[PDB]
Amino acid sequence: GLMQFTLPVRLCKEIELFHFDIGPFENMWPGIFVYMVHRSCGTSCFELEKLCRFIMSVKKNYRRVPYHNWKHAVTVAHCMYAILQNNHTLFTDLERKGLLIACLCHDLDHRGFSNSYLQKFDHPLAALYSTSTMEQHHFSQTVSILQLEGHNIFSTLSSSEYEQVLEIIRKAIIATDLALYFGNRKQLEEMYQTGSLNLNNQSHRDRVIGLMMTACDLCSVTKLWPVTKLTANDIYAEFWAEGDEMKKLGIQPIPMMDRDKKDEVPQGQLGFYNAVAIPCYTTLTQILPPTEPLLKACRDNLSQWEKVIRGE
């Protein structure tokens, strides 16, 4: 059935925008990802039969969680598509394929619990993955979905180019760990200021890819305000679910995960934009000038949060 899907013509223009909202097209999300893979890398790059199989299995391996779900993976995948569609000459064929696959798989089998929750309560995956717990799980889930019969869509190419596209995918998926983003963006800033950024250096591309992953992961702040406000409700309902599960253990959660501190949500959002969101899209816009509309939309949403704080 996914092979049969062809996207409506009225959305070919809209999806190319950075602030495009996949929200009201739930039935199309799998076909929207196919469309994006078909425009960024072309049809006949993957064998269509195995690609749709790989996609539909990835959706099934996403849990019915409030925010870190299937809607989130496609949203992140789309933002990567818009970034690659506006920087087309800079990323190789193996990169455009791998990064769009990475984003659709970057939160595979997430349970709605932070990396801290799993480490603080000795979850089995925290034993396996001591640091970047969920992100190592997501990559392992990706590899396992790939290695299924009829699912390996990079089987079509070199055993070297195969291992290359995987460590592109692992690096990208690991980079979605927000804790690693701060050290990543700081080193890119030094490389930018000192004029030391060489995109012909593998270590530098890897840093820049990671920032793109963060920008895509946070791209909920790059939508129009009505879209951004309602995605925030999903984010907090998942945080508050982890907090509820902490209050049931005699441990008070942080205010971010505390539903009884709903009133502090606008102040917390403004702090997040200034400490995290703005620095991310600012450095990405400095490195990739075409990606400036992300920073512009993020600024408009900061103003909106300010006006909620002021009652304005």
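Take the two forms, superpose them, and find the largest set of C-alpha atoms that agree within 1.5 Å; that set is the rigid core. Start at 1 with the first residue shown and count on from there.
Student: With the rigid core as the fit anchor, does 293 to 301 or 6 to 14 show bigger C-alpha shifts in 7 other deposited structures of this protein?
Tutor: Farther on average in 7 other deposited structures of this protein: 6 to 14.
Student: Just give me the stretch that moves more in 7 other deposited structures of this protein: 282 to 290 or 40 to 48, judged by RMS C-alpha distance after a core fit.
Tutor: Taking the RMS over all superposed structures in 7 other deposited structures of this protein, 40 to 48 lies farther out.
Student: Where do the C-alpha atoms have the higher mean temperature factor in this entry, in 192 to 200 or in 78 to 86?
Tutor: Comparing 192 to 200 with 78 to 86, the higher mean C-alpha B-factor belongs to 192 to 200.
Student: Quick check on the record: does 5 to 13 or 289 to 297 carry the larger mean Cα temperature factor?
Tutor: In the deposited entry, the stretch with the higher C-alpha B-factor mean is 5 to 13.
Student: At the C-alpha atoms, which of 182, 236, 162, 225 reaches the highest B-factor in this entry?
Tutor: Comparing C-alpha B-factors across 182, 236, 162, 225, the maximum falls on 162.
Student: So among 102, 94, 241, 212, who wins on Cα B-factor in the entry?
Tutor: Checking the PDB record, the top C-alpha B-factor among 102, 94, 241, 212 is at 94.
Student: Residue 122's Cα B-factor: lowest, middle or highest third of the chain?
Tutor: Ranked within chain, residue 122 CA B lands in the highest tercile.
Student: Among the modelled residues of its chain, does the C-alpha B-factor of residue 232 lie in the lowest, middle or highest third?
Tutor: Middle third - that is where residue 232 ends up once the chain's C-alpha B-factors are sorted.
Student: Against its chain's modelled residues, does residue 61's Cα B factor rank lowest, middle or highest third?
Tutor: Tercile = highest for this residue's CA B-factor.
Student: Determine, from the deposited record, the chain-internal third of the Cα B-factor for residue 35: lowest, middle or highest.
Tutor: Its C-alpha B-factor, which the entry lists for residue 35, ranks in the middle third among residues of this chain.
Student: Could you say whether, by C-alpha temperature factor, residue 177 belongs to the lowest, middle or highest third of its chain?
Tutor: Its C-alpha B-factor belongs to the lowest third of this chain's values.
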